[PDB]
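Within every chain, numbering begins at 1; the chains are lettered A, B, ... in the order of the sequence lines, protein sequences first and strands thereafter.
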Amino acid sequence: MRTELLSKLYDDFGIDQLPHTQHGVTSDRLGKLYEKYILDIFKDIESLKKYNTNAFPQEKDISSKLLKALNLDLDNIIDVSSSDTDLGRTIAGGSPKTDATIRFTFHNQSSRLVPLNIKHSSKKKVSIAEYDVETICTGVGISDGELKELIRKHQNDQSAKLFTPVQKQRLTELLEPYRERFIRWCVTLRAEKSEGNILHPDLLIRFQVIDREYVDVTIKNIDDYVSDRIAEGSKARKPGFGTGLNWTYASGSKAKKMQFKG
DNA sequence: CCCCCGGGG
DNA sequence: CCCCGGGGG
Ligand code: NA
């Protein structure tokens, strides 16, 4: 529903003035728009108290899902602020995956910083990142060997179409011990758990947007996202070689490079 | 040219 | 899963 707030944002971003054939600009605009949607809902304590009410059913659903993923009670929040994240630096694996942050201040003056990764998509799965095999292995803790080479084969072929049924089962088998680290590193750039560190997102916010309009939102903390992917990857088909991520290729550069959707 | 944000069938 | 595109820096 184009609520009062969303109606305002769609107007500020000139969405309705964009020809329908301008898909590229539309996607880019919608992306920035939905990041801003979160920033405004959590702009200040006044906004948060306002939106977490039955007077704004949609923003209440969004704000409640965010607090729920953090196991935080609205009544314990004394102050809130938010902002776009632009550090202008890179770390092991590239630019940090943090799109924005929300800081909550509690009664005893303590606070919690919540780095966020925000995306919009018409699908359940969307590109989360692209990396070279060596970068992944370095971040996940995989050394030279059969595992690294099978991953490299996937990168070079740009799919698993040339793997023999055996090789596919073999990759899945060797990756099993690294499943969690692989997933966590792919979406946060850190293999081990992180919390409140601006360089690594703590929550993954996914807005489902179809035909330019809001449909729903899903907000998961990293632990839950990993559990979900692990469960998905454990099924008979062993999606993503057990990782639950969809392995494919990045078309952006000359070099063979991997892309992961999740 | 590379990287990030996306999608079709 | 496999095959790909728009656009900014
Ligand atoms: Na941002």
Asker: So does A:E213 pair up with A:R2, basic N to acidic O under 4.0 Å?
Answerer: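 Salt bridge flag = yes for A:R2 with A:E213.
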Asker: Using a strict heavy-atom distance below 4.0 Å, which residues from residues 202-221 of chain A are in contact with DNA chain B?
Answerer: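 Close to the strand, none.
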Asker: Mind listing the residues from residues 114-140 of chain A sitting with a heavy atom below 4.0 Å of DNA chain B? Number order is fine.
Answerer: A:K119, A:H120, A:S121, A:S122, A:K123, A:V126, A:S127, A:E130
Asker: Hey, does the side chain of A:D202 reach the backbone of A:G196 with a donor-acceptor pair shorter than 3.5 angstrom?
Answerer: yes
Asker: Consider only side-chain N and O atoms of A:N108 and A:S110, and report whether a donor and an acceptor are under 3.5 Å apart.
Answerer: yes
Asker: Under 4.5 Å between side-chain heavy atoms, counting indirect links through other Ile/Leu/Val/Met/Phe/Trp/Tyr residues: same cluster for A:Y131 and A:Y249 or not?
Answerer: no
Asker: Once you apply a heavy-atom cut-off of 4.0 Å, does A:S159 come out as touching a base, just sugar-phosphate, or nothing?
Answerer: sugar-phosphate
Asker: With no hydrogens and no angle check, is any side-chain donor or acceptor of A:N221 less than 3.5 Å from a backbone partner on A:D224?
Answerer: yes
Asker: What residues from residues 16-32 of chain A pass a heavy-atom cutoff of under 4.0 Å to DNA chain B?
Answerer: A:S27
Asker: Output a table of donor-acceptor pairs, distance under 3.5 Å, between side-chain atoms of residues 79-97 of chain A and any protein atom two or more places apart or on a different chain; print 'none' if there are none.
Answerer:
| from | atom 1 | to | atom 2 | distance (Å) |
| --- | --- | --- | --- | --- |
| A:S82 | OG | A:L39 | O | 2.9 |
| A:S82 | OG | A:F42 | O | 3.2 |
| A:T85 | OG1 | A:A100 | N | 3.4 |

Asker: Taking only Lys NZ, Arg NE, NH1 and NH2, and the carboxylate oxygens of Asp or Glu, determine whether A:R29 and A:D12 approach each other closer than 4.0 Å.
Answerer: no
Asker: Whole angstroms only, please: what is the CG-P distance between A:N246 and B:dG9?
Answerer: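 So the CG-P distance, A:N246 to B:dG9, works out to 18 Å.
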Asker: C1'-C2'-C3'-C4' for B:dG6: north (positive) or south (negative)?
Answerer: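 On the sign test, where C1'-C2'-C3'-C4' is positive, B:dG6 is classed north.
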Asker: For the pair A:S127 (side chain) and A:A129 (backbone), establish whether a donor and an acceptor sit closer than 3.5 Å, ignoring hydrogens and angles.
Answerer: no
Asker: Identify whether the distance between the nearest side-chain nitrogen and carboxylate oxygen of A:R229 and A:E180 falls below 4.0 Å.
Answerer: no
Asker: State plainly whether one hydrophobic cluster holds both A:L189 and A:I136, where clusters connect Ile, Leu, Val, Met, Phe, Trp and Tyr through side-chain heavy atoms under 4.5 angstrom apart.
Answerer: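 Both belong to a single hydrophobic cluster.
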Asker: Please confirm whether the backbone N or O of A:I198 pairs with a side-chain atom of A:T98, one donor and one acceptor, at under 3.5 Å?
Answerer: yes
Asker: Quick check: A:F182 with A:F241 (ring centres under 6.0 Å apart)?
Answerer: no
Asker: Which is it for A:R190 and A:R184 under the side chain to side chain contact (heavy atoms under 4.5 Å, CB included) test, yes or no, and what are the steps along the way?
Answerer: CA-CA 7 Å; A:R190 186 177 164 179; A:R184 189 177 296 280; 5.9 Å; no
Asker: Contact list please: residues 164-175 of chain A against DNA chain B, heavy atoms, distance less than 4.0 Å, in numerical order.
Answerer: none
Asker: Between B:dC3 atom P and A:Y249 atom OH, what is the distance in whole Å?
Answerer: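 Rounded to the whole Å, the gap is 16 Å.
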Asker: Is the closest basic N to carboxylate O distance between A:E134 and A:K148 below 4.0 Å?
Answerer: yes
Asker: Is A:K153 close enough and on-axis enough to A:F163, meaning under 6.0 Å and within 45°, for cation-pi?
Answerer: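 Yes, cation above the ring, under 6.0 Å and within 45°.
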Asker: Rounded to whole angstrom units, what separation is found between the CG atom of A:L33 and the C1' atom of B:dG6?
Answerer: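 Nearest whole value for this atom pair: 16 Å.
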Asker: Kindly state which residues belonging to residues 254-262 of chain A come within less than 4.0 angstrom of DNA chain B, counting heavy atoms of the residue only, listed by number.
Answerer: A:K254, A:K257, A:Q259, A:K261
Asker: A:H154 NE2 to C:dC1 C1': how many Å, rounded?
Answerer: 8 Å
Asker: Map A:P239 and A:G252 onto DNA chain C by nearest heavy atom, then report which one ends up closer to the 5' terminus.
Answerer: A:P239
Asker: Test side chain to side chain contact (heavy atoms under 4.5 Å, CB included) on A:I78 and A:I45 and set out the steps.
Answerer: CA-CA 7 Å; A:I78 302 306; A:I45 188 64; over 6 Å; no
Asker: May I ask you to evaluate whether A:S253 reaches the phosphate of B:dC3, defined as a side-chain N or O under 4.0 Å from OP1 or OP2?
Answerer: yes
